[PDB]
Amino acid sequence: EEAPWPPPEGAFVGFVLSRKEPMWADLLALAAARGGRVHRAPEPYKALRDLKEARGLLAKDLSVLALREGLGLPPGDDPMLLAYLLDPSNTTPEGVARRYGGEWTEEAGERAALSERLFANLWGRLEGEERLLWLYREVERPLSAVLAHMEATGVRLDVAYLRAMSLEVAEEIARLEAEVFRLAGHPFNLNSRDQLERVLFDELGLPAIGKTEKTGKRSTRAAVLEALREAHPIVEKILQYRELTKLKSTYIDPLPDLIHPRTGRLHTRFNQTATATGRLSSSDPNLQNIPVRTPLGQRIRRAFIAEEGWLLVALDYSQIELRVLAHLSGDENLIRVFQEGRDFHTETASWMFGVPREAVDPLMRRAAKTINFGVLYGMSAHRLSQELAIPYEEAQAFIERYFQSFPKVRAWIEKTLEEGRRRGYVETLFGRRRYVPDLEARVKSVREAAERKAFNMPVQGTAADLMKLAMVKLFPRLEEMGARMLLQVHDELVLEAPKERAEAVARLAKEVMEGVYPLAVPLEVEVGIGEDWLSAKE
């Protein structure tokens, strides 16, 4: 069953890393399988040079390690991508092997054999699924090479700035904690919401605003505290303490340790088979949880900087999910908002707060956004009434008035649920599927939860599909200009270009992103250039 290295062209690779992060790992073993015959590499790094592509489970990760080693080894077929298209609950090689056959072990030869076996199995299961195969060939497979480039290229950090920030934030946390304990009259677990609830609402007697979801306790969530800002001096201190503590522990302190000593850069890991709707995920750091608006969240982006002689170019799709909803629903009022170049959240804020659009400040706009997303995407009158501190019947009436402004959105939700009940799944514009078997559940809460998943997925997943396709379309032209693609998070992409090319790069990227796919509304992209991510994000 064994055979000498090197393998024939087209064989499936298997590999074992010393740790899960390819930029940080040694390649313990490398092997390839073809016709069930397995070829094991005598010297893994040397053997990488024999391969023309990385074809097999986790191909992107081997490509990342190859790039570190100065080798252009593009990722090719990967059964993980096939499995994820078949059903996005398929997210790990372990889970995929368990579901479809075989076993994910710690031996390279066995992994190579499994890759071959899973490719055949899953490819067969996809026969005739032309829309999923289009996603595979035109989005997922080429995107894997883009993600390999992003992860291996990494991004420069201003480590001196982070070190200073850590000292400054620690000092401020200490001051805040001390002042909180003084205002409270005693020390307590400032990280315990149960203890906070007691201090705020029993001991200091502040009025409670909201109830927690499941247990109906007095909520201490940020929105409640924000509304109690002027009720007691302790409140603003708690809010600040919570945020500083969180960002220090998750970003400010860990980031400098993630700088790779060989590259001098941070190598964020991107995963394209991780979420239920098709959104990309990042880890080490998870970029998702860096706040956009707060001073410290902004200071964190200031720590992400361009290489000397380069600039960062940051591009953000403006309200892409709402534009997708306009497209999918065909709602005329929604389409009109974007055709007329208006801001959805400002327009609706003006409507719901009864003030002119110019009077909609960022605080009001933030409040409106939270209401819009909650209402559009399925919040009940009960929850809305509690959070808005209004009677139930008033919240129920607001919801009806809201959808009366966008009548075809409701029609779209209903049609989507009707077809989903029939088919057992829902789909994005490009045909990415999420299975929703609980649409036929008899238990009311179980069925209704399935419905909310079902009509949310086509919007979020289509937005994600669009970003991924834009990345695929942009990448080769970027490389032609000597530029790099570094980060993707939220609705944003961050590139790095030589200073002399940055303006041309910004123009090209905006164009490619705005024209990625024709919709019933235009796509808008905001673009900025700077030596750091914050300066570029403006």
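Position 1 is the first residue in the sequence shown; the rest follow in order.
- Looking at 320 to 328 and 352 to 360 together, the entry lists the larger mean B-factor for 352 to 360, computed on C-alpha atoms.
- Look at the mean CA B-factor for 240 to 248 and for 141 to 149 in the entry; the higher one is 240 to 248.
- For the set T275, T92, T294, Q460, the PDB entry puts the maximum C-alpha B factor at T294.
- Comparing C-alpha B-factors across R55, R477, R68, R507 in the deposited entry, the largest value falls on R477.
- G530 sits in the lowest third of its chain by CA B factor, as recorded in the PDB entry.
- Ranked by Cα temperature factor within the chain, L311 sits in the lowest third according to the deposited record.
- Ranked within its chain, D26 lands in the lowest third, by CA B factor from the PDB record.
- Remark: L190 belongs to the highest third of its chain, ranked by C-alpha B-factor as recorded.
- In this PDB entry, the Cα temperature factor of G205 sits in the top third of its chain's modelled residues, the highest group.
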